[PDB]
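There are 2 protein chains.
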Amino acid sequence: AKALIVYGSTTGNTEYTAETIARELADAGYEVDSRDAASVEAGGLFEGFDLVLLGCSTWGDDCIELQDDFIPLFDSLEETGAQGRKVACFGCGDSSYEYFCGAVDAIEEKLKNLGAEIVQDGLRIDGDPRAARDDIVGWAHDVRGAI
Amino acid sequence: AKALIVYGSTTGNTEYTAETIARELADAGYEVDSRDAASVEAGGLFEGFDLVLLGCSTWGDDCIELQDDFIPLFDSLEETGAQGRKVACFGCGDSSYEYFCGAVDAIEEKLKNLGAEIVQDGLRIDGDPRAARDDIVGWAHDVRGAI
Ligand SMILES: Cc1cc2nc3c(=O)[nH]c(=O)nc-3n(C[C@H](O)[C@H](O)[C@H](O)COP(=O)(O)O)c2cc1C
Ligand SMILES: Cc1cc2nc3c(=O)[nH]c(=O)nc-3n(C[C@H](O)[C@H](O)[C@H](O)COP(=O)(O)O)c2cc1C
């Protein structure tokens, strides 16, 4: 089982969430390839992967803005090979704002219109993800559980 | 049965969608109160209504921006009386862009965190809603059908 985890993180919260998900996946036998969105090119990005998990934090004045390193990948998701792909999404956010982890719905919606098979509701973390450890760990165990 | 329909529309597409939904609801016996979001104040807005339907088009450079007359209502949705409220959302958009009818997910997500009961997946219209008439009519009939 091969997993690709791509994260867009600016203050490291979503990356720490991505490290946590990866440890639980590797702990379970999965060969997990974890890449920072600022380093990938969408072209054929998911090829060869049994499971893709994408994480992205959210920002914006009013509007819902995706983490800047993630925007490029999101703009070209139709080129990543998502058609029929097992996927699920997660991301950190903050309920003080208006659009709680809005980047997650946006990615989910587009993956869905792209034929990807979303295997679990996205994980949305409020505040320090370090205080959400069992939620992350639990969310990865249930996603391995949905495949 | 009393229905409130609030729409945020800039070029009139979502308002025409809102007129269509209203005709099918009134055609069915519902007493339908249709209000342009630029005219409401969120404070107690849904009081006394058996069904609330909110429509909003989407815009934004990159980001996902809600129709400006709708932003105020969306920023104060926790004050509208959504807790346990039968609701569903619709809106026009355009697939040429990146976030297809992204305002709809955003409103749905917040209504859900606010305890509203979403009675049907939101209706998302691509292009001229006038060419989507049976989809709108059909979507309102199934939402009356979900209550
Ligand atoms: C200007 C600004 C706008 C923000 N907007 C949102 C938002 O709309 N929704 C949300 O859930 N969090 C929002 N946040 C909170 C961040 O997403 C939060 O700090 C998150 O932990 C960042 O993850 P990062 O370390 O992974 O990239 C915003 C923060 C700032 C400074
Ligand atoms: C600058 C700009 C950004 C837009 N962004 C989006 C978008 O992100 N998603 C979408 O589905 N449609 C987008 N649209 C298309 C409009 O939402 C579309 O014209 C819709 O019919 C407008 O409804 P209106 O008459 O109800 O308010 C955008 C249009 C412009 C001019």
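First to last, the sequence lines map onto chains A and A'. A prime marks a further copy of an entry chain.
For the first sequence, PDB author numbering assigns the number 2 to the initial residue and increments by one for each residue that follows.
For the second sequence, PDB author numbering assigns the number 2 to the initial residue and increments by one for each residue that follows.
Positions of the beta carbon are idealized from the N, C-alpha and C atoms, including for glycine.
### Task
Under 7 Å Cβ to Cβ from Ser35/A', same chain only, skipping five residues before and after it: list those, please.
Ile6, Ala19 and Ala23
### Task
Compute the beta-carbon to beta-carbon distance between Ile119/A' and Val88/A', rounded to the nearest angstrom, for a pair I have assumed lies under 8 Å.
6 Å
### Query
On the three-pair Cβ rule with 8 Å, is the region 69-86 of chain A' touching the region 70-90 of chain A?
no
### Message
If you measure between the beta carbons of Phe101/A' and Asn114/A, is that distance less than 8 Å?
### Response
yes
### Strand pairing of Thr59/A', partner residues [DSSP]
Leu67/A'
### Query
Mind checking whether the beta-carbon of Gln84/A lies closer than 7 Å to any heavy atom of ligand 4?
This structure simply doesn't include ligand 4; it includes ligand 1 and ligand 2 instead.
### Message
Out of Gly82/A, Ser40/A and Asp62/A, which one is the CA nearest neighbour of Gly49/A?
### Response
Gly82/A
### Query
For the beta strand (DSSP E) that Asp136/A' lies in, which residues bound it at each end?
That residue, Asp136/A', is in no beta strand (DSSP E); its alpha helix (DSSP H) goes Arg134 to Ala147.
### Message
Against chain A, does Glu79/A' count as a neighbour if the rule is that its beta carbon must be under 8 Å from one of theirs?
### Response
no
### Nonlocal neighbours in the same chain, by C-beta distance under 6 Å from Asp70/A', ignoring five residues either side
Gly9, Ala38 and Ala39
### Of the residues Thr12/A, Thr11/A, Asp28/A and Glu16/A, the one placed nearest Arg145/A, counting alpha carbons only
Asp28/A
### Query
Quick one, which of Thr59/A', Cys64/A' and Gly139/A' has its alpha-carbon nearest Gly128/A''s?
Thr59/A'
### Query
Counting contacts by CB-CB distance shorter than 8 Å, is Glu99/A in contact with chain A'?
yes
### Query
For residue 1/A' versus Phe91/A', is the C-beta spacing smaller than 8 Å?
Lying before the first or after the last residue shown, residue 1/A' is absent from chain A', which here runs from 2 to 148.
### Query
Is the beta carbon of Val105/A sitting closer than 8 Å to the one on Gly116/A?
no
### Task
Please confirm if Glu25/A' has its CB atom under 8 Å from at least one CB of chain A.
no
### Query
Which parts of the region 12-56 of chain A' are runs of the beta strand (DSSP E), unbroken and 3 residues or longer, counting only runs that do not cross its ends?
32-37
### Message
Any beta carbon from chain A within less than 8 Å of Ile65/A''s own beta carbon?
### Response
yes
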